[PDB]
Amino acid sequence: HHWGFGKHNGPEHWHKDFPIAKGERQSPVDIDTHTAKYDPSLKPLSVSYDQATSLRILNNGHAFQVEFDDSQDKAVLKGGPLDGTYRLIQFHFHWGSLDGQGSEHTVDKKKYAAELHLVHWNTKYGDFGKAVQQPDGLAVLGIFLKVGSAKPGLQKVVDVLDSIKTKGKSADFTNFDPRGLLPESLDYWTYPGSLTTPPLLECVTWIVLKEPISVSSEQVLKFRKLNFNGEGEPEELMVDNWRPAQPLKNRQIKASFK
Ligand SMILES: [Zn+2]
């Protein structure tokens, strides 16, 4: 009876196994655009993905994750609110059963159809496992998805999902360029928060882009054909794998733009 997104093990239950669920810097949060302060010290976000090396895509039982070779400085995030260099390790999404919900962060209470997380770890901690034990261990770049025109750069991801339908399935996924998932503007909000799946560690500097990317209805529909369950088990569609907004508590969200 482990954590999940069902009726008996979903986000409202997680605190029982992971008490930090009720912590002081939990994510996601609602971004109140009128309360976020423009910060004239925030540098432009530097995203250097030209040498990114994807390896594999995995159905991990709550989402799918595209993993990268992070053994060299190849795909790095720096600048913005960050000190130092953070290396890309994986990206994954959160999505809904319907276009009207699916994002984890919300903007003035608005829910998007999905949310992309590009997860990076602080190179000063040597690897991901050590980084998540530190308050500044991770930087996660969050990008909202809305349903409209197709995102061509996403299609290679959508087309491989049939091969990883059920929990535990993985597939070779090389030469995928995550630059094809970025919106035009890198304007962002930033605040200190946490992983949004257990163990919910409070190790993340969140950088959430203001500009959503558009994906097609057909693209998001294919996300919804994935399964939470393993092969040979009763079918449960992988939908609504998003944690709802958590109390902001003692935190200020800063904006890179006015
Ligand atoms: Zn996530």
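Order of appearance sets the numbers: ligands from 1, and atoms from 1 within every ligand. All residue numbers in this chain count up from 1 along the given sequence.
A search for side-chain contact (heavy atoms from CB on, under 4.5 Å) contacts involving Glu211 returns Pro183, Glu184, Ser185, not counting sequence neighbours. Residues that satisfy the salt bridge (charged side-chain N to carboxylate O under 4.0 Å, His left out) test with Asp73, not counting sequence neighbours, are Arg87.
For the Zn ion (ligand 1), protein N, O or S atoms closer than 2.8 Å were enumerated as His92 NE2, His94 NE2, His117 ND1, with waters left out.
Sorted by first and then second residue, the salt bridge (charged side-chain N to carboxylate O under 4.0 Å, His left out) pairs involving residues 90-112 (not counting sequence neighbours) are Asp99-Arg224.
A salt bridge links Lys124 with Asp136: the distance from a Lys NZ or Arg NE/NH1/NH2 to an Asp or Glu carboxylate oxygen falls below 4.0 Å.
The shortest side-chain heavy-atom distance between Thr106 and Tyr112 does not fall under the 4.5 Å cut-off.
Clustering ILVMFWY residues whenever any of their side-chain heavy atoms sit less than 4.5 angstrom apart, transitively, puts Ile207 in a cluster other than the one holding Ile253.
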